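Coming up is one lone chain in structure tokens, specifically the form deposited in one PDB entry.
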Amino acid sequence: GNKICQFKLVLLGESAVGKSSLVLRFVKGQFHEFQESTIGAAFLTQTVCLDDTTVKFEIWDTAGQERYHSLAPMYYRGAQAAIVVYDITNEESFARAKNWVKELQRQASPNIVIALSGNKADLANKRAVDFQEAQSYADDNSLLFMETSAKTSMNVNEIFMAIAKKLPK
């Protein structure tokens, strides 16, 4: 019966890799508050309590701006965790993800916990990004890495749980 720590966590990745779907699937299976948004609904926020911990995430998600632009300094500000998502059936989304990571590390504090999500791992029959290639990049850059499926829920909870485990207290 002690102190809840709150951490801002931001979603990053090309349009259409499933960032929003991941947030929603995760949220669906945890205690959470009603979704909110910022002015003009430029960014969508949702608060969620991770089961059997005293970790509360304030998860930030975009409203699609990724397909046109970089993301604003406001989006990054305060983030203590990130999930950078790519689509395992799209090499391009993987190459791009590497750049979201660099952009992230440059904009965020040195102790941010970054997880790399190889999403749509349920389309294994259309895999275009090899697991060990992502894992090697992830290891070389101190990133947590898992393959996920927002659709089937595979590893959705556990990538959030993995992050929580690396966060302070």
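The first residue of the sequence shown is number 1, and the count goes up from there. In this text, the rigid core denotes the largest set of C-alpha atoms whose superposition between the two forms falls within 1.5 Å. Shifts are known only where both forms have a C-alpha.
Although it is not shown, the form deposited in another entry is what the next lines describe.
With the core fitted between the shown form and the other one, just one of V129, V27, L143, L50 shows a Cα displacement of at least 2 Å, namely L50. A79 is not among the residues whose C-alpha shifts by 2 Å or more between the shown form and the other one once the rigid core is aligned; its shift stays under 2 Å.
CA of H69 to CA of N111: closer by 3 Å or more in that other deposited form than in the shown form.
Compared with the form shown here, the Cα atoms of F34 and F160 sit 3 Å or more farther apart in that other deposited form. Identified as moving between the shown form and the other one on the superposed core are the stretches 29 to 53, 63 to 73, each made of at least three consecutive residues whose Cα atoms shift by 2 Å or more.
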